[PDB]
Amino acid sequence: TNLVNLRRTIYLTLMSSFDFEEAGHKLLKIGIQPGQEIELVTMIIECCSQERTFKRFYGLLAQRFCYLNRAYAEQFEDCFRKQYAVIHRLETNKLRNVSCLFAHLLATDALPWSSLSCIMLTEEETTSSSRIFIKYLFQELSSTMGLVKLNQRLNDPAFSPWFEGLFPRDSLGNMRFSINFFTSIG
Amino acid sequence: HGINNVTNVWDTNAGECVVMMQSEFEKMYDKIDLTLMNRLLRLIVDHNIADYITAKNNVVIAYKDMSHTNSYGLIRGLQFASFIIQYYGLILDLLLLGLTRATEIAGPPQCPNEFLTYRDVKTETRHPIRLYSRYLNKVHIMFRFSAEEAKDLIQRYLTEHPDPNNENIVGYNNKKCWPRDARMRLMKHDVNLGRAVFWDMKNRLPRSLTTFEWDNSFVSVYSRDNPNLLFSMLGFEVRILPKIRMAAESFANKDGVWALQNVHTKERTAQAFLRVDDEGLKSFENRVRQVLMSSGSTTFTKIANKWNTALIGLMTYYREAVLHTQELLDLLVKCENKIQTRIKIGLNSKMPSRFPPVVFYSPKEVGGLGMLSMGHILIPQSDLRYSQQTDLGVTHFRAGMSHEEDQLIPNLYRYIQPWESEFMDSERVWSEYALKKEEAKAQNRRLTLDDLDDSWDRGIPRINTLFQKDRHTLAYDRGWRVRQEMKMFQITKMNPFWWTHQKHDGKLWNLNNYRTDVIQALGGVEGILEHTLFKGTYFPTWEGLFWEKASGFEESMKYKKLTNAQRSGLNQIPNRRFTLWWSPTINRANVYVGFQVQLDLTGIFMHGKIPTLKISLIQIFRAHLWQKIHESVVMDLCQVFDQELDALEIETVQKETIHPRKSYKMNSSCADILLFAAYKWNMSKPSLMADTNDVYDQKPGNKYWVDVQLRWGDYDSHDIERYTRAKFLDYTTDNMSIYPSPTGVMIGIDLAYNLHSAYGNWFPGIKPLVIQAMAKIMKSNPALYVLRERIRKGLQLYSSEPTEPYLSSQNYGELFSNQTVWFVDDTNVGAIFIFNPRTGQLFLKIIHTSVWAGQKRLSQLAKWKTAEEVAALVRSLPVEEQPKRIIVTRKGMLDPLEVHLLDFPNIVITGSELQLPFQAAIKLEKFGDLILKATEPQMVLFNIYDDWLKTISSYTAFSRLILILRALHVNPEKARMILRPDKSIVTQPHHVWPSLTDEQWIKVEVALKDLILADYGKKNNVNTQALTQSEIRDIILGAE
Amino acid sequence: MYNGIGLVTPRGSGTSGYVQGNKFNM
Amino acid sequence: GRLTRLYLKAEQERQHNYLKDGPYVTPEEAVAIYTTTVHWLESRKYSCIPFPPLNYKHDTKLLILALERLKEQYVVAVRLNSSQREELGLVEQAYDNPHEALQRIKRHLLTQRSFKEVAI
Amino acid sequence: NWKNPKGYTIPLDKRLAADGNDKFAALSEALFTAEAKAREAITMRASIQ
Amino acid sequence: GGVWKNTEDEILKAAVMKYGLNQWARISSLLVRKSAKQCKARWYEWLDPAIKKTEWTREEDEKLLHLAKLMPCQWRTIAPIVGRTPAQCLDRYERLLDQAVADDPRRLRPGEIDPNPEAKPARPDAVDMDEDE
Amino acid sequence: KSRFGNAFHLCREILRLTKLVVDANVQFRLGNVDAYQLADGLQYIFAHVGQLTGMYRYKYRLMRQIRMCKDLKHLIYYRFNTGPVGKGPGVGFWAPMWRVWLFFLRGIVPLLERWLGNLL
RNA sequence: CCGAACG
Ligand SMILES: [Mg+2]
Ligand SMILES: [Mg+2]
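Protein chains in written order, with my numbering: chain A, 1 to 186; chain F, 10001 to 11040; chain X, 20001 to 20026; chain C, 30001 to 30120; chain G, 40001 to 40049; chain B, 50001 to 50133; chain W, 60001 to 60120.
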């Protein structure tokens, strides 16, 4: 129940602070011990998803913690992959919150692009919430960096294999589903 | 978002400049000519309405002895003032724009274009004036100029105001509220484009109607050498930085920074940085000053609710603009402290740790004030010397408001959804609702409630308001948002939510998660009640418990019977409940300073001067109740040693009576329960009653000692074990202490927190025996009980537990049984009453006026003396004549006699819902004469059974004396003629009633019941013919 | 210490007057 | 109190100066203004707001909105004075009989051109 | 007319007695012929249209 | 509530002599039916000695009509320049206006609330009395 | 008529403090108390004048003597109990707080002689 | 930071 007591502490820290500066500093002086750092980050996601919509608090404090120590950065990326695993059970508001936070940090180099491999683009592989969250994050980052900015960044050979699933070349059925879906996004 | 969407707004390539002017119409209302207004109104409305509107403005304005006729202004407190203001301002808008730029901004009459949009881009770009709004008397204009347009303008300006010296820049108004790089610069082309568009728009207005004033205006140019476009619109300072210009570093990060998208390109092309105006902060601070400058003597709870409304208005209006306004964060800390210390000052105790966060921030449910908070947040403030230059970011921050531990009171922001998010969510939920109806209404499966709960507090009109009781008669409510704005000129309360209205907007915020997170952050409702006098009410759980509001006894009793001689006397009660309830934390021992007086006769230490607290605690341990609790617990431990009087090797220990001032002798103790025991039994070494082990060495004879002494714990010291061990360890070691045995073993009791413990030398067969004894003592005593009930009355904390059946009509036979039943009427003291139904005798003890020569209170002293005289009868009575049930009529006497019946704790005390006419007993000639004829206090034995019950029953003569008492209460000058039918119809002198035979007795009792029934029906508009058995019997005896 | 930051007097403002350094600074 | 007195001296004098120094709006400022408004309203294909009709479909909903608004000042109200109690009485009357309230209102708009003293 | 410590009744006018533009026509005339010209041009053009 | 019965006008006038022109709630106390606002209005709209209740001159009518075209519907402004009171000015102008043209929706309904009872002449004391009067 | 002022009350709270101190030594001298208990009780008297006397009610500037004796107590108690010595009665290092109150008394002797001469 | 009198 001491993990419950730390979720108490970290939640209570987030709900008791104003700016991501204050929340982060107070958290880091709670004495978060290594190995349990993820216990904060998921709470850093969870409450953020429970918020009626985006207070940029979450992406702010997270992208401040990522370059503060890249351990929390890799934890955020791996928890993003885990969220890709289970987003099927997500309600659309917490979904939009998590997606917009992850894309907002994405446009700002606070996490590696490798985490974006978790997107397949097959229709047998894309449930409804999957493609919905996808359109959300895509419009979000296409806003945060720009149309030409994303068209430049994402086409890079150094980014090529990491867009393997999201742009499938093995089946033109996949190509057509990707083209039509992403066009329906914006 | 409209500034962003004007085409090529941010391009400064060809020297194009963007100007953002904002100004009010300077005496706009003051200067409405009523003849011109009349003429212009006749253009838009019926001439009769125009003429009514015009005449309504031409009135006399009076203040006290001052008066004048309004001939020139507009009366702003008119209800349709807003309509005149908005139409007149529309006329001034057409003056500013011309009927072509106005007809392009507005769009065709058939297809008008929305707020800041145009039909084309050829129409949009034709004219410098790009964006335009007027908010009642305040104008915001955005122009975009060619450098040819800008140059022509600056020319004409300077050729009109020639100043060679370059004194142009000196008196310019651009706000210092922003950092120094980011504000508008001092370029000559930019300062001059500012002043030139101000001057050129100010020339557009006939100065007989209005002007613009440069000091109540603000222009901001976005040019080559100026990257940001500034304005302040409503309380919001807005600084828009585009990407193309001086960002140079791709920035999308902060909570209160809005990302401006293009509607076409969909790229975030700019960021709007929001603060709150210095006018917004002054507004809020004045609003708190005004709360703090209140009726002067207000409850803590209205000070707290008015703080809460002020704070909710501030935070729920500005939401994210509060973020990057640091002077607001300091203002909020300072002002929330201010509210708290006004509340504290309400107790003459400004001390922290008397009033920890728990007292203010715990919900009203848990007896706290319920204050919301934005003050317990670190205040980020960066290096002073450089911070205004470049927006450096914060390296340091300050502790905003102090906690009690590593505590944290949840900040009220995080429960208010940002405005940017609210507007994105609203775009979504309302766009999807549009498609959902646009799709389903033809499909005939039209939208319904719970088709939408993905959106229920969502949408800027909540998608909550289509499903409203009045959605038919709120489609006719137009102009309601102006209406609400304009209500400040009509009422002298200023609505903090002038900007919103639930019947149309929805609720737009929800702070329930806030109250649950504040409970969790206070340590849950249990860790909150640790600070409270709960656990001193002995309510087993907090759950089944509810608070009195008392709003049931404000209007229900009286309209004008309340006076200013009694006004604050009533506004003190809810601070008394609050103070009594937090006294564990308020009157706590670790205070910084405070003289620590021990209360009059109790073992309560007051550290400092809390007057309300002392009065509460002084009428809770009234009637020497500290003495009584000590007596009862020591008495009953000796009786548990009359209960186990032979099992162990002991003697009769009876009720050791000693000096009464010993319970509250808080330094030294002595002479608790009698020691005497026959043989020798083998004692322990000094351990705590908590364990059970270690029976041990030498055992002396008749030296078997226990000491039970009470306590009133504080929140910060209620640890009973440590206290009892220390008391033992202290003055068994000390010489001032008379302990016949070297084993004077200590038992402590916490009267405040209802705990118990012991520490000393255990004499075997004790810890399982004393543990048993105490665990049964702390639930059973009459003394602890009358404590818990005195405390419960003080707190007005009630359960749904309330005690056993009253004397209600369903029990009129139970008093006739073999047990001696007692009644009492403590209203007529004076003389006290005792009504025994079973025997027909009366204990009419008359009280002399000398027992009220100079006694403090009439009613208070009389109510207690009545119980004490009942106790003096219970004393001077034998044991075989004592009662078992004592029904009291007036509910006030339940308190004292229960304490007086602790020595006889067997007699039952309970209330009575039934009413009896013992008042009518003093309407008898004998009772009305003899008692006032008596000179000195005397007991008058009596008999309501003059000659009756020799053959007639007890219940039968009771059903006779019922109508007797009722017709004496009402009829009395009519019951005379029944009881005075003839001079020769005689009575006995040694009895009150004239006794007749059974036929005439029954006829007279039938007349006596008719007197009550035909006199109740005519005052109740109630027929005497449909009266039932009970419908008659419930009125004839007493009250239903 | 007071390296040019904030309140000179912690008397009439309503905090205890402590200036903590950001554990979030880069 | 001192500032309301001072403001009212200034404002009494402003009202006097208007009647001495005459309409500030010039006869050919007022006509340019009136004409701009005419050409605007005519460009907008605007139709005047007519006198509230007799058999006006919305007349009672608008009155009920009015009365709700007027009542709303009295939903927290704890002690009222004779004009606030009189107001609540007339709001109650106009809720009780909307039709005679409406007829009074229309008779006021039609006829009433002199009104009582406003308190400031 | 504020004070009366004695209560003396003062005659109604012994109380009242002790211590007690031409552009308007131009404006209303201009406005009235403006009304007239506007009305006539409206009726003329709207009945020929 | 209701029009002024002539006893009230005379108590109000006696009180204006006793109390002056600024004690309207002191004067309001003699009269049980009337409030200080109504006493003040009755004095200024009907019982001011400086009110000309005489018949209307015809220098005054042409002043009234000049003004009603100069300051249209501004009867509080118009009234001191004519010398009458705004209700006198108002109904006199209505009379003259019907003189040109030579039920009505423009007249008091039975049970309606009269707006200005303080402008109408006092209902005279009746042959009887009441313990109120 | 029995409401006394700050001179009377300051005099008698000062006399209550000297009673407390004198009584501490008289308890030592009757034998009822150790020398260690005398020293701890004297340092207690001097560190707890705001709890034991109430003298700050009649001269509230002597909150600075009380704050100073509280700071002195924090320092002395911290430096005293370092090691196994721990956390309770027993520290009797009373000369620091004694001299705080002696400075109070030297500076307030002239003020109080004035006030009491005026009362007399 | 922190408490007394009076009104
Ligand atoms: Mg005074
Ligand atoms: Mg006085």
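Beta carbons are placed, not taken as given, at the ideal position from N, Cα and C, and that holds for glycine.
Range covered by the alpha helix (DSSP H) that runs through residue i
| i | result |
| --- | --- |
| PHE10198/F | 10188-10202 |
| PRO60096/W | 60095-60119 |
| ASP11034/F | 11029-11037 |
| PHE57/A | 57-66 |
| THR10054/F | 10047-10057 |
| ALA50100/B | 50086-50101 |
Buried/exposed call for residue i, threshold 16 Cβ in 10 Å
| i | result |
| --- | --- |
| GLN10417/F | buried |
| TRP10762/F | buried |
| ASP50009/B | buried |
| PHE10546/F | exposed |
| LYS82/A | exposed |
| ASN10587/F | buried |
| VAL10197/F | buried |
| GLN60065/W | buried |
Same chain, Cβ closer than 6 Å to residue i, neighbours up to 5 away in sequence not counted
| i | result |
| --- | --- |
| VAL10597/F | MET10606 |
| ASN69/A | none |
| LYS10243/F | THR10269 |
| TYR10222/F | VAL10018, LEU10229 |
Cβ neighbours of residue i in the same chain (closer than 7 Å, five flanking residues each side left out)
| i | result |
| --- | --- |
| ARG50076/B | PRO50086 |
| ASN10464/F | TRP10456, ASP10457, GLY10506 |
| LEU111/A | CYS66, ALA73, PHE76, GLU77, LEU105 |
| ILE50011/B | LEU50030, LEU50031 |
| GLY10280/F | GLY10235, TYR10318 |
Boundaries (first-last residue) of the beta strand (DSSP E) holding residue i
| i | result |
| --- | --- |
| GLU10237/F | 10236-10242 |
| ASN10761/F | 10755-10761 |
| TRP10509/F | Note, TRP10509/F: premise wrong, no beta strand (DSSP E); not H, not E. |
| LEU10131/F | 10129-10135 |
| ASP10707/F | 10706-10709 |
Close-in-space but distant-in-sequence residues of the same chain around residue i (CB under 8 Å, 5 per side omitted)
| i | result |
| --- | --- |
| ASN50116/B | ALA50041, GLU50045, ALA50087 |
Okay, do the segment 40005-40022 of chain G and the segment 50075-50092 of chain B touch, 3+ Cβ pairs below 8 Å being the bar?
Contact annotation: the segment 40005-40022 of chain G does not touch the segment 50075-50092 of chain B, with fewer than three C-beta pairs closer than 8 Å.
Inspect the CB distances between the segment 10613-10628 of chain F and the segment 10387-10399 of chain F and report whether three or more fall short of 8 Å.
Contact between the segment 10613-10628 of chain F and the segment 10387-10399 of chain F is absent: fewer than three C-beta pairs spanning the two stretches fall below 8 Å.
Is it a yes or a no for the segment 10712-10725 of chain F touching the segment 10743-10761 of chain F, going by three-plus beta-carbon pairs under 8 Å?
Taking 8 Å as the limit for Cβ pairs, the verdict is that the segment 10743-10761 of chain F does touch the segment 10712-10725 of chain F.
When the Cβ atoms of the segment 10223-10236 of chain F are set against those of the segment 10317-10326 of chain F, are three or more pairs found closer than 8 Å?
Between the segment 10223-10236 of chain F and the segment 10317-10326 of chain F, the count of Cβ pairs shorter than 8 Å is three or higher; the stretches touch.
Is the segment 30015-30031 of chain C touching the segment 10066-10082 of chain F, taking contact as three or more C-beta pairs under 8 Å?
Touching, yes.
Cβ contact (3+ pairs, closer than 8 Å) linking the segment 60002-60019 of chain W and the segment 50105-50114 of chain B:
No, the segment 60002-60019 of chain W does not touch the segment 50105-50114 of chain B.
Is there contact here, the segment 10260-10268 of chain F with the segment 136-144 of chain A, by at least three beta-carbon pairs under 8 Å?
The count of Cβ pairs closer than 8 Å, one atom from the segment 10260-10268 of chain F and one from the segment 136-144 of chain A, reaches three, so the stretches are in contact.
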